[PDB]
Amino acid sequence: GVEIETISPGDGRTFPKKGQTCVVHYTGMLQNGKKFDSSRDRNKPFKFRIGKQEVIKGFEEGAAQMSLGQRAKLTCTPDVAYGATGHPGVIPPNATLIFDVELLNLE
């Protein structure tokens, strides 16, 4: 269940497609919890492509449903990323993830 709530501006037509490397200033957030990740802190804006199972499923499906300049608000379900296992020390088991996603990409 990828639920998109978009802060408006952008163009609404430059869509991410296959074989495209894209750049996101993401920001992580735990539901009823504190922060755990920010690409804005390291100032390295996480160049990545679509389709090679690099990122989690909840962030992968949220990437194609956006466009350039847009600003969405993900809500990743536990069953798509880590809810059975959980990343050791960082992500607890059965966790629901919140992401502040802005797409400022190329290709």
# chains A, B, ... in the order shown; residues from 1 in each chain; ligands from 1

$ select_by_dssp --residues "chain A" --states "strand (DSSP E or B)" --output "mmCIF file with N, CA, C and O atoms, in the first residue's frame"
data_model
loop_
_atom_site.group_PDB
_atom_site.id
_atom_site.type_symbol
_atom_site.label_atom_id
_atom_site.label_comp_id
_atom_site.auth_asym_id
_atom_site.auth_seq_id
_atom_site.Cartn_x
_atom_site.Cartn_y
_atom_site.Cartn_z
ATOM 1 N N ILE A 7 3.128 17.345 -2.266
ATOM 2 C CA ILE A 7 3.238 18.796 -2.291
ATOM 3 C C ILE A 7 3.408 19.226 -3.740
ATOM 4 O O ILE A 7 4.296 18.724 -4.442
ATOM 5 N N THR A 21 18.592 6.606 -14.469
ATOM 6 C CA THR A 21 19.232 6.896 -13.196
ATOM 7 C C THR A 21 18.696 8.218 -12.663
ATOM 8 O O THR A 21 18.713 9.232 -13.367
ATOM 9 N N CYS A 22 18.220 8.203 -11.422
ATOM 10 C CA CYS A 22 17.497 9.331 -10.861
ATOM 11 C C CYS A 22 18.051 9.710 -9.491
ATOM 12 O O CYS A 22 18.661 8.900 -8.791
ATOM 13 N N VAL A 23 17.811 10.969 -9.125
ATOM 14 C CA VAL A 23 18.441 11.625 -7.982
ATOM 15 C C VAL A 23 17.344 12.122 -7.052
ATOM 16 O O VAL A 23 16.469 12.890 -7.470
ATOM 17 N N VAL A 24 17.392 11.687 -5.791
ATOM 18 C CA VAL A 24 16.355 11.973 -4.805
ATOM 19 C C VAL A 24 17.001 12.540 -3.547
ATOM 20 O O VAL A 24 17.945 11.950 -3.009
ATOM 21 N N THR A 27 14.363 11.769 2.778
ATOM 22 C CA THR A 27 14.522 11.946 4.217
ATOM 23 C C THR A 27 13.666 10.907 4.920
ATOM 24 O O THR A 27 12.449 10.865 4.712
ATOM 25 N N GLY A 28 14.294 10.075 5.746
ATOM 26 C CA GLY A 28 13.562 9.049 6.451
ATOM 27 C C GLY A 28 12.911 9.556 7.722
ATOM 28 O O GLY A 28 13.311 10.562 8.307
ATOM 29 N N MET A 29 11.881 8.830 8.147
ATOM 30 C CA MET A 29 11.167 9.128 9.380
ATOM 31 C C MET A 29 10.488 7.857 9.865
ATOM 32 O O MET A 29 9.895 7.125 9.070
ATOM 33 N N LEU A 30 10.589 7.596 11.162
ATOM 34 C CA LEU A 30 9.880 6.485 11.773
ATOM 35 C C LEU A 30 8.529 6.956 12.289
ATOM 36 O O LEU A 30 8.419 8.039 12.872
ATOM 37 N N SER A 38 18.870 10.693 6.400
ATOM 38 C CA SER A 38 18.674 11.900 5.596
ATOM 39 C C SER A 38 19.804 11.995 4.588
ATOM 40 O O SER A 38 20.976 12.018 4.975
ATOM 41 N N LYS A 47 22.485 8.986 -6.089
ATOM 42 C CA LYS A 47 22.222 8.607 -7.473
ATOM 43 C C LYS A 47 21.901 7.121 -7.562
ATOM 44 O O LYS A 47 22.677 6.278 -7.105
ATOM 45 N N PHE A 48 20.758 6.797 -8.162
ATOM 46 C CA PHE A 48 20.338 5.409 -8.275
ATOM 47 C C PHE A 48 19.448 5.266 -9.497
ATOM 48 O O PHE A 48 18.876 6.240 -9.991
ATOM 49 N N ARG A 49 19.307 4.027 -9.954
ATOM 50 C CA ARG A 49 18.480 3.680 -11.099
ATOM 51 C C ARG A 49 17.264 2.890 -10.638
ATOM 52 O O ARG A 49 17.123 2.541 -9.463
ATOM 53 N N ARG A 71 7.173 16.621 -4.739
ATOM 54 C CA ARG A 71 7.499 16.472 -3.324
ATOM 55 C C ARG A 71 6.380 15.652 -2.688
ATOM 56 O O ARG A 71 5.341 16.202 -2.318
ATOM 57 N N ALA A 72 6.596 14.350 -2.572
ATOM 58 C CA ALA A 72 5.567 13.445 -2.098
ATOM 59 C C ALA A 72 5.778 13.129 -0.621
ATOM 60 O O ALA A 72 6.615 13.731 0.058
ATOM 61 N N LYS A 73 5.001 12.176 -0.113
ATOM 62 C CA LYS A 73 5.077 11.778 1.290
ATOM 63 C C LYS A 73 4.683 10.307 1.359
ATOM 64 O O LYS A 73 3.492 9.984 1.405
ATOM 65 N N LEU A 74 5.681 9.429 1.368
ATOM 66 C CA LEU A 74 5.423 7.999 1.324
ATOM 67 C C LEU A 74 4.907 7.486 2.662
ATOM 68 O O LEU A 74 5.017 8.140 3.701
ATOM 69 N N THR A 75 4.333 6.286 2.616
ATOM 70 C CA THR A 75 3.985 5.530 3.818
ATOM 71 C C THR A 75 4.189 4.059 3.452
ATOM 72 O O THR A 75 3.291 3.409 2.913
ATOM 73 N N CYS A 76 5.381 3.551 3.742
ATOM 74 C CA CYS A 76 5.745 2.209 3.316
ATOM 75 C C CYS A 76 5.240 1.178 4.315
ATOM 76 O O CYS A 76 5.465 1.300 5.522
ATOM 77 N N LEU A 97 7.162 2.755 7.699
ATOM 78 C CA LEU A 97 8.152 3.765 7.368
ATOM 79 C C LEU A 97 7.507 4.989 6.735
ATOM 80 O O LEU A 97 6.511 4.889 6.015
ATOM 81 N N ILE A 98 8.098 6.150 7.012
ATOM 82 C CA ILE A 98 7.660 7.433 6.477
ATOM 83 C C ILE A 98 8.844 8.059 5.753
ATOM 84 O O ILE A 98 9.958 8.076 6.286
ATOM 85 N N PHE A 99 8.611 8.568 4.544
ATOM 86 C CA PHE A 99 9.683 9.150 3.746
ATOM 87 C C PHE A 99 9.271 10.495 3.174
ATOM 88 O O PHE A 99 8.193 10.625 2.588
ATOM 89 N N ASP A 100 10.146 11.484 3.335
ATOM 90 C CA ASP A 100 10.011 12.780 2.680
ATOM 91 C C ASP A 100 10.843 12.732 1.404
ATOM 92 O O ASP A 100 12.074 12.810 1.455
ATOM 93 N N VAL A 101 10.171 12.618 0.264
ATOM 94 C CA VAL A 101 10.815 12.318 -1.008
ATOM 95 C C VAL A 101 10.652 13.516 -1.932
ATOM 96 O O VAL A 101 9.529 13.977 -2.167
ATOM 97 N N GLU A 102 11.768 14.016 -2.451
ATOM 98 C CA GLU A 102 11.766 15.007 -3.516
ATOM 99 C C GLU A 102 12.619 14.493 -4.664
ATOM 100 O O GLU A 102 13.761 14.073 -4.455
ATOM 101 N N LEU A 103 12.062 14.526 -5.868
ATOM 102 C CA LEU A 103 12.726 14.018 -7.061
ATOM 103 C C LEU A 103 13.294 15.193 -7.848
ATOM 104 O O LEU A 103 12.541 15.994 -8.409
#

$ select_by_dssp --residues "chain A" --states "alpha helix (DSSP H)" --output "short mmCIF file (atom, residue, chain, number, x, y, z; two decimals) with N, CA and C atoms, in the first residue's frame"
data_model
loop_
_atom_site.label_atom_id
_atom_site.label_comp_id
_atom_site.auth_asym_id
_atom_site.auth_seq_id
_atom_site.Cartn_x
_atom_site.Cartn_y
_atom_site.Cartn_z
N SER A 39 19.46 12.06 3.30
CA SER A 39 20.45 12.34 2.28
C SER A 39 20.93 13.78 2.32
N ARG A 40 20.15 14.67 2.93
CA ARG A 40 20.53 16.07 3.03
C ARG A 40 21.66 16.29 4.03
N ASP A 41 21.85 15.37 4.97
CA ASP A 41 22.93 15.52 5.95
C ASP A 41 24.29 15.29 5.30
N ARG A 42 24.42 14.21 4.55
CA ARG A 42 25.69 13.90 3.90
C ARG A 42 25.91 14.75 2.65
N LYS A 57 11.00 -2.15 -1.90
CA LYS A 57 9.85 -2.18 -2.80
C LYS A 57 8.95 -0.96 -2.61
N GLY A 58 8.79 -0.51 -1.36
CA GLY A 58 7.93 0.62 -1.09
C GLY A 58 8.49 1.93 -1.62
N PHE A 59 9.81 2.05 -1.68
CA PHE A 59 10.42 3.22 -2.28
C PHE A 59 10.52 3.08 -3.80
N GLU A 60 10.57 1.84 -4.30
CA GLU A 60 10.65 1.63 -5.74
C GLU A 60 9.33 1.96 -6.42
N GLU A 61 8.22 1.55 -5.82
CA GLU A 61 6.91 1.86 -6.39
C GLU A 61 6.57 3.33 -6.25
N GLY A 62 7.06 3.98 -5.19
CA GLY A 62 6.83 5.40 -5.02
C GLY A 62 7.64 6.27 -5.96
N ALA A 63 8.69 5.71 -6.57
CA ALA A 63 9.52 6.50 -7.47
C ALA A 63 8.83 6.73 -8.80
N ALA A 64 8.20 5.70 -9.36
CA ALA A 64 7.59 5.81 -10.68
C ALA A 64 6.32 6.64 -10.67
N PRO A 78 4.89 -2.50 6.26
CA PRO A 78 5.94 -3.38 6.78
C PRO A 78 6.27 -4.56 5.88
N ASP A 79 5.29 -5.10 5.16
CA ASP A 79 5.50 -6.33 4.41
C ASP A 79 6.34 -6.15 3.15
N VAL A 80 6.63 -4.92 2.73
CA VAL A 80 7.39 -4.72 1.51
C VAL A 80 8.86 -4.44 1.75
N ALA A 81 9.24 -3.96 2.94
CA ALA A 81 10.63 -3.58 3.17
C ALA A 81 11.32 -4.42 4.24
#

$ closest_residue --among "A:1, A:51, A:45, A:33" --to "residue 18 (chain A)" --atoms "only C-alpha atoms"
A:51

$ atom_distance --atom1 "CA of residue 52 (chain A)" --atom2 "CA of residue 96 (chain A)"
23.2 Å

$ atom_distance --atom1 "CA of residue 82 (chain A)" --atom2 "CA of residue 68 (chain A)"
27.9 Å

$ atom_distance --atom1 "CA of residue 6 (chain A)" --atom2 "CA of residue 26 (chain A)"
13.8 Å

$ decode --residues "region 10-95 of chain A" --atoms "C-alpha atoms" --output "tab-separated table (two decimals), in the first residue's frame"
chain	number	residue	atom	x	y	z
A	10	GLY	CA	7.03	20.42	-10.45
A	11	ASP	CA	5.84	19.66	-13.98
A	12	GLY	CA	3.78	16.50	-13.56
A	13	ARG	CA	4.90	14.93	-16.84
A	14	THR	CA	8.61	14.01	-16.66
A	15	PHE	CA	8.08	10.52	-15.50
A	16	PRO	CA	10.72	8.05	-14.29
A	17	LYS	CA	11.04	5.09	-16.66
A	18	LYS	CA	13.15	1.96	-17.01
A	19	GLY	CA	16.89	2.27	-17.46
A	20	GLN	CA	16.87	5.76	-15.95
A	21	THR	CA	19.23	6.90	-13.20
A	22	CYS	CA	17.50	9.33	-10.86
A	23	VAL	CA	18.44	11.62	-7.98
A	24	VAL	CA	16.35	11.97	-4.80
A	25	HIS	CA	16.82	14.19	-1.74
A	26	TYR	CA	15.05	11.69	0.46
A	27	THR	CA	14.52	11.95	4.22
A	28	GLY	CA	13.56	9.05	6.45
A	29	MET	CA	11.17	9.13	9.38
A	30	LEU	CA	9.88	6.49	11.77
A	31	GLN	CA	6.17	6.44	12.56
A	32	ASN	CA	5.69	7.60	16.18
A	33	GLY	CA	9.47	7.77	16.36
A	34	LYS	CA	12.50	9.87	15.61
A	35	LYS	CA	14.59	10.23	12.46
A	36	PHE	CA	16.91	7.58	11.10
A	37	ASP	CA	18.22	8.79	7.72
A	38	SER	CA	18.67	11.90	5.60
A	39	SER	CA	20.45	12.34	2.28
A	40	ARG	CA	20.53	16.07	3.03
A	41	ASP	CA	22.93	15.52	5.95
A	42	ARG	CA	25.69	13.90	3.90
A	43	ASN	CA	24.87	16.22	0.93
A	44	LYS	CA	25.39	13.24	-1.41
A	45	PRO	CA	22.03	13.03	-3.18
A	46	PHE	CA	21.95	9.24	-3.75
A	47	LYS	CA	22.22	8.61	-7.47
A	48	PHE	CA	20.34	5.41	-8.28
A	49	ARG	CA	18.48	3.68	-11.10
A	50	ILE	CA	15.12	1.93	-11.34
A	51	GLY	CA	14.54	-1.78	-11.86
A	52	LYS	CA	17.61	-3.51	-10.39
A	53	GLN	CA	16.09	-4.10	-6.89
A	54	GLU	CA	18.53	-1.68	-5.30
A	55	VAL	CA	16.05	0.15	-3.06
A	56	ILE	CA	13.17	-1.40	-1.11
A	57	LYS	CA	9.85	-2.18	-2.80
A	58	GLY	CA	7.93	0.62	-1.09
A	59	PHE	CA	10.42	3.22	-2.28
A	60	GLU	CA	10.65	1.63	-5.74
A	61	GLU	CA	6.91	1.86	-6.39
A	62	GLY	CA	6.83	5.40	-5.02
A	63	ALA	CA	9.52	6.50	-7.47
A	64	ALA	CA	7.59	5.81	-10.68
A	65	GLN	CA	4.43	7.55	-9.41
A	66	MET	CA	6.18	10.94	-9.17
A	67	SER	CA	7.77	13.45	-11.54
A	68	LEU	CA	10.52	16.06	-11.65
A	69	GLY	CA	10.41	18.75	-8.99
A	70	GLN	CA	7.61	17.03	-7.07
A	71	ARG	CA	7.50	16.47	-3.32
A	72	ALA	CA	5.57	13.44	-2.10
A	73	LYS	CA	5.08	11.78	1.29
A	74	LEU	CA	5.42	8.00	1.32
A	75	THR	CA	3.99	5.53	3.82
A	76	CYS	CA	5.74	2.21	3.32
A	77	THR	CA	4.00	-0.89	4.61
A	78	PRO	CA	5.94	-3.38	6.78
A	79	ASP	CA	5.50	-6.33	4.41
A	80	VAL	CA	7.39	-4.72	1.51
A	81	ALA	CA	10.63	-3.58	3.17
A	82	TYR	CA	11.61	-5.00	6.56
A	83	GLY	CA	8.59	-6.00	8.69
A	84	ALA	CA	9.52	-9.65	9.07
A	85	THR	CA	13.27	-9.25	9.61
A	86	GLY	CA	14.16	-5.63	10.31
A	87	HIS	CA	17.56	-4.12	9.62
A	88	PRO	CA	19.94	-4.91	12.53
A	89	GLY	CA	19.95	-2.09	15.08
A	90	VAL	CA	18.42	0.50	12.74
A	91	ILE	CA	15.00	-0.84	11.72
A	92	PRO	CA	12.94	-2.86	14.22
A	93	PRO	CA	10.80	-5.80	13.08
A	94	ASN	CA	7.25	-4.92	12.00
A	95	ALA	CA	7.90	-1.23	11.38
